[PDB]
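Below you'll find only one chain, the form deposited without the partner chain, shown as structure tokens.
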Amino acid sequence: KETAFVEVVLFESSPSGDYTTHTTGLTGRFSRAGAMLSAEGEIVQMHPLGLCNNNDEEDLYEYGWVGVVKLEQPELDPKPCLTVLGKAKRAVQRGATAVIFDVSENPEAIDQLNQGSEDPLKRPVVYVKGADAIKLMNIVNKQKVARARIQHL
């Protein structure tokens, strides 16, 4: 399958040094234009405008982050700086191990994410929508650091 199982992990340390964790599961689909590989890392939420070399002097994240990007309604960004896959490629250049797109406000992006390339990304690009997107963004919009685990299967 092209199904991606995504686990989102919230964690707190204790004085003993042992962690308490809380996991939320959800499902998306791997883009055919990205790798069909598993990935894992700290979530970094980015506004889709942040993947433009606009303005900027933008943030350096430690290598290995999982980008979570909620697409805008296309009416709000009619002049996109890069294609949606281009923005994923840009994240990978900036150290992302994977990108998860919430495409619920731009479901037509799935057409581009389902279309193959002879220059595919070497890292996975997952899209979520529906209840799965709602589950993801509810956790990401909490104050807390979270880790994502993306599993092929």
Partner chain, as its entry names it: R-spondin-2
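Positions refer to the first chain, counted from 1. Residues that one form lacks are left out of the comparison. What we label the rigid core is the largest C-alpha set whose atoms superpose within 1.5 Å from one form to the other.
Only in words, not in the display: the form deposited with the partner chain bound, which the text now covers.
A.B. asks: Taking any heavy atom pair closer than or equal to 4.5 Å as contact, tell me whether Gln45 reaches the partner chain in the entry with it bound.
C.D. replies: Contact check for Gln45: yes, within 4.5 Å of the partner chain in the entry with it bound.
A.B. asks: Even though the partner chain is not shown here, does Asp56 get within 4.5 Å of it in the entry with it bound, heavy atoms only?
C.D. replies: Although the partner chain is absent here, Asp56 would touch it in the entry with it bound, with heavy atoms inside 4.5 Å.
A.B. asks: According to a 4.5 angstroms non-hydrogen atom cut-off, is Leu49 in contact with the partner chain in the entry with it bound?
C.D. replies: Yes, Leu49 is a contact residue.
A.B. asks: Spell out, yes or no, whether the shortest heavy atom distance between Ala131 and the partner chain in the entry with it bound is within 4.5 Å.
C.D. replies: So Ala131 does not count as contacting the partner chain.
A.B. asks: For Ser117, is the CA shift between the shown form and the other one at least 2 Å following rigid-core superposition?
C.D. replies: Shift of 2 Å or more: yes.
A.B. asks: Once the core is aligned, please say if the CA of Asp56 is shifted by at least 2 angstroms between the shown form and the other one.
C.D. replies: Superposed on the core, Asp56 moves its C-alpha 2 Å or more between the shown form and the other one.
A.B. asks: Did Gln45 and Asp56 drift closer or farther in the entry with it bound, going by a CA distance change of 3 angstroms or more?
C.D. replies: Between the C-alphas of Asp56 and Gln45, the gap widens in the entry with it bound (3 Å or more compared with this form).
A.B. asks: By 3 Å or more, the Cα spacing of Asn55 and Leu76 differs in the entry with it bound; is it closer or farther than in this view?
C.D. replies: Farther apart, which means the C-alphas of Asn55 and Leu76 are at least 3 Å more distant in the entry with it bound.
A.B. asks: Provide the ranges, sorted by sequence, of consecutive runs with at least 3 residues in which each Cα shifts 2 Å or more between the shown form and the other one, based on a superposition on the core.
C.D. replies: Flagged stretches (3+ res, CA at least 2 Å): 53-59, 114-118.
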